[PDB]
Structure formats: structure tokens, C-alpha cells
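The chain below stands alone, shown as C-alpha cells; this is the form deposited in one PDB entry.
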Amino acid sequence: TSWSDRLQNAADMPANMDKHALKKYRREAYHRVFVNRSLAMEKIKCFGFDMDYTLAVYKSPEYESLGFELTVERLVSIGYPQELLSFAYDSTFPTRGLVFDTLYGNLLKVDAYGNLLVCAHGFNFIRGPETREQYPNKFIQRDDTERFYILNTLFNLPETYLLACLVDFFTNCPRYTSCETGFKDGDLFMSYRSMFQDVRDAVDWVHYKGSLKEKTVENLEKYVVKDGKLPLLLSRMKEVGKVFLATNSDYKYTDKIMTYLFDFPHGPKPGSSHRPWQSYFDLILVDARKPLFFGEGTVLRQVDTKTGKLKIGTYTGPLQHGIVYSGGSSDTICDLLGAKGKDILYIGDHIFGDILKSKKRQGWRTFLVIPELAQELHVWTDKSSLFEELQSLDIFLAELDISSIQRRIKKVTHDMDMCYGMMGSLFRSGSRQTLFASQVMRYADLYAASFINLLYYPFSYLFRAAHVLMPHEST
């Protein structure tokens, strides 16, 4: 059972719109909209959407495996050793949000202050004292982007596993010599940083020049979750306000994916005429280049919808029916739809490019899709027993012999985390929250396993969060 098996379960269901069914269905955690800062839906005038892993959720692990296979094949095509071809994607290893340290070749799980929570070299998990060799003070400057790359999106799951695969492979292949910062094979030296760049280069290449889009699009049912409730929610949003798309993908890929997402023999509800996906939007903007989009952007271009090519020159006209934009900036949306930032709820999965940047730079309201939350919620509810024991121990430790009491902490956190995978939960390692968890609470006003959970809330719900108090204020 993958996490997209949960999302494709609730997606096979038409929506009963009885107002008592929605209110009851909503309270079940898998379908909740969780609230970090209060938000009055009545004050939202425009709903904006990312596409990949927001409107179009790729089925796991089929999709990660395809991208891992194509990336491996690209690396062998440029000179990496044939053995890579026998790697096979394993979804139980990687967790989103890890940090690859290009100096020492470790995958790290860190908290919001860059404290080490987990450290794996290949598939060898480094325990506390040994990590102090390379990380005295057990800490990284997580903003040193020359050394550290944060694998933040579901797109990075294949490379998260692949980096571990390569470090493992070269460590144990007798042709090579392990050094602190990479591998020697005679007179060639491959630094972990060189190796990491090649992987990054290869993932980009399969997305933009290799065959991943092609293989995706010729088997959409295998790779893309489709849900009849998406065209219903979009039309319901259009009655209360404006709806826009602002995606980084190009127009040809956007059109194929979006057409499939609406490929039902009805429109919004069973019985209605099907409508083209474009009619569900007041403003369609491709090639957005977020997060640069939320600063100065690029020049506003117009897509030739017939050919998929951009018209030559900078588009100067007004919003008009039928038009598709390329490039531009967030200010394109605000001007063309007559919106201020806090009239906008932007809905996306990139904690950095979609959410953090639209909040800090423009004051937009934010909705973070976290697809793994379905499986994360399952593990967290089912094995709540262990976390409750965790919190019990954490307190009796403070009253105080703790020779053996710290041992039961470190034991209990390990086996709690293992239920999620080898890199543990996306949101925590034991009693300690991750960087990712921290940025969710900090920059996502709302979050949910799927944006579809908005369908189960009335037109003008007021999402409510608890007010926050400083220590001295609750004294």
C-alpha cells in the first residue's frame, strides 16, 4: 500500500453533496483540511493552482521507479558503470526533505535549526558518536547552498534513493578507494560533489530532453491519479470567485495532463456535458518559473494554443477569452484578476517554490498539498501507542539511573520511525520535528493530503487555528 493507493481510493468515489455527509466525511483525518493560521474562506476571491503533484498526482511507486530507471540509464549512457543498471527503486528507503551533504556524501534528516536527526552514508546509518567525526556539534548550516542540497519535492524521491545507491555501490566495489570526500579509481577522482551534480544533471535531462514525459503520457492511467471530484470542486470555486493555473510545466505537457484529468464522460457532475479543462480557469499561465515568478518574474509571453509554440514578442494585451500566458510574474495574476495577495489562496506542493516564496514575497494565502500525508496519518494513528509511550518517557526523564532511561528513548524512537520507512517520518524523528515539518507550520496556512479535501467544507467556512502565546504570556 503506497500513499497514492490511499489517494486513488477516495478518488474513485463520486461526491455525495448532502451537507451532513460532507460535515461527517470531513472529520475523518484523511480528508481534513488542517489549519496553521486562521483563514476565512469568504475572504478568498481567487483560487490558484500548481499542476504537478497538486492537480496531477503521480501514482507511487510506479512513477518514482520510471524516473529512477531513466535517470540510471542516462548516467550509464554518459559513462557510469554498467552495474547501475541492476539498481531497482525501493520506495521504503527515501523520505522527502532530506539534505544531501556534497562534501562527505551523506543523506541527512535535520530539524529546523539544522541539528542532525538521521545520517546515512549509503545504506549505513551513522550513529551519534561517529557522526561527530564529520559533524562536530552535530549541526549543519542548512543555508550553505554550495554544500547542501535539500531534496524537497516528490520529484527528488528517485534521486534520494539513487544517491544512497551510488555511495553504497562505489564504497563496496573493489575497483575504487573511498576517501573522505569521494572515490579514487587510479588517476580519476570522483568527488561526492561531482557525483551529486551528475545525478542532478541526469534528473533534469530525463525531465526536459529524455523520455519521461513521453512514457508518462502514453500510459496516463498507469502513472497519474484521476478523480471525478476535481472538475466538481473547480466549478464550485468558479461560482464564488476566480480560478487560475500557474504552473512551471510547458503548454504541451500541461494540455496532455490536464485533458486527462478531465477525461470523464460528463462535466463537473455525472450527467453534465463534458467541458474542456480550459473552461474551468479564468487565467492559465504556463512556464511560470516559480519562485522567480514571485519576484521580478520573466517577460509575459502568449502561447499559440494551436501549435504549442510561444508567439514572438512580449504580450501587451488585456486578459481576453481563450488566451494562455507564458512567463510573467505573480503581479500578472494580481493585475489581470484585480486581486490583492490575501484574496488569493495558492494551492501547491512545493514547500519552497510554491508556498514559502508566495507567502514571504507577496503575502499570498497558502494551501500545501502533502500527498504522503495519507500514509503518514495511517502510521501515526495506528501506532499512536508508541508515540504516547514516547511522550511519557520524555517527561519522567525530566523529573530525574538515566543510564538506562535514555536507552529506552533511543530504542523507542527508532522503532516508531521504522514504521514509516528507513528514513522515518516526513514530519519528525521521535519527539523532534523536521525542517520540513517546521516549514509546513510556518508558511502553509492550510495543508491536506489532497486539495480535494476542500470539497467537504462549506462555501464560507472559517478555518480556525489556536492563538499562540509566548512563555511569559501564559505564566
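All residue numbers are counted from 1 along the displayed sequence.
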Other PDB entries, at least a third, lacking residue 307
no
Cross-entry absence of residue 400, a third or more of other PDB entries
yes
Between residue 400 and residue 401, the number of deposited residues left without coordinates comes to 10 or more
Between 307-315 and 350-358, which has the larger average Cα B-factor in the PDB entry?
307-315
Identify the stretch, either 387-395 or 283-291, whose C-alpha atoms have the larger mean B-factor according to the entry.
387-395
Whose CA atom has the top B-factor in the entry, of 259, 194, 131, 247?
131
Ranked by Cα temperature factor within the chain, is residue 266 in the lowest third, the middle third or the highest third?
highest
Can you tell me which third, lowest, middle or highest, the CA B-factor of residue 420 falls into for its chain?
highest
Would you check the entry's CA temperature factor for residue 405 and let me know if it's in the chain's lowest, middle or highest third?
highest
Going by the CA temperature factor in the PDB record, which third of the chain does residue 375 belong to: lowest, middle or highest?
highest
Split the chain's modelled residues into thirds by Cα B-factor; residue 229 lands in the highest
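From this point on, the text means the form solved in complex with a small molecule, which you will not see here.
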Please tell me whether any heavy atom belonging to residue 439 falls inside 4.5 Å of a heavy atom of the small molecule, as the geometry stands in the entry with it bound.
yes
In the entry with it bound, does residue 383 have a heavy atom within 4.5 Å of the small molecule?
no
Please determine whether residue 169 contacts the small molecule in the entry with it bound, using a 4.5 Å cut-off between heavy atoms.
no
Exercise: residue 303 in contact with the small molecule in the entry with it bound, heavy atom 4.5 Å
no
Only one of 184, 342, 142, 236 has a non-hydrogen atom within 4.5 angstroms of the small molecule in the entry with it bound; which is it?
142
With the partner omitted here, the residue among 242, 74, 121, 350 that in the entry with it bound has a heavy atom within 4.5 Å of the small molecule is 350
Here the chain appears without its partner; judged in the entry with it bound, the stretch of 269-277, 322-330, 144-152, 294-302 with heavy atoms within 4.5 Å of the small molecule is 144-152
